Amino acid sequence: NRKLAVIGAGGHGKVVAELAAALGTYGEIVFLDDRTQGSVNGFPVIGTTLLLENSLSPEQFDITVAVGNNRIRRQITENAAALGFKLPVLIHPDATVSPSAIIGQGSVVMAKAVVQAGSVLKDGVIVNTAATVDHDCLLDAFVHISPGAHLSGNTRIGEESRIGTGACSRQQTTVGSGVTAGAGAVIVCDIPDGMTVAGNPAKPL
């Protein structure tokens, strides 16, 4: 489509809108947001999220959901998909993505991020600024790999998990679903579903 609607005009949204602008492929980039009006960082906020169900045509707008919170991103993305909107994979020109990587709709790969050979990312993943996902990783739906986090080869990350800024994993580690790993967490073993961990090595909080 000629236009992109970025849902969420917070800080993450600003970065995503600049990423899209850098691609040079959209005729117009706009925000939907429920808390701010006017324009943000030079992009217009054309309305609230009610426009998605009520106004925007999937024949005119692509959608990206720029919400950091994984549960909310999931809810909005699934609603957009259900309404028939395209959810482009947005990859910054300064990211490096392997030609053998597979990346699901609605995912965003930020400046300086790397996704290596054989990795599989499901829907709505964020690989944030300078984060790396090495070969043969599996990142399930709505996972957030925060800025500067580094996953070793063969790391699996379960659905909706958040891996904090500057965190890392040892090779062949498995993180379950709904896991929170704090900034700087050093994941050296498998982490069960629903756990919050932090530290070096990462331990339950």
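Quick note: we count residues from 1 along the sequence shown, nothing fancier.
Comparing 166-174 with 50-58, the higher mean C-alpha B-factor in the PDB entry belongs to 50-58. When the C-alpha B-factors of 26-34 and 138-146 are averaged, 26-34 comes out higher. Across the residues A81, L121, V109, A117, the deposited record lists the maximum Cα B factor for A81. Per-chain ranking of the deposited C-alpha B factor places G184 in the lowest third. Per-chain ranking of the deposited C-alpha B factor places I72 in the highest third. In this PDB entry, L151 carries a Cα temperature factor that places it within the lowest third of its chain's modelled residues.
The PDB entry assigns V40 a C-alpha temperature factor belonging to the highest third of its chain's modelled residues. In the deposited entry, the Cα temperature factor of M195 places it in the highest third of its chain's modelled residues.
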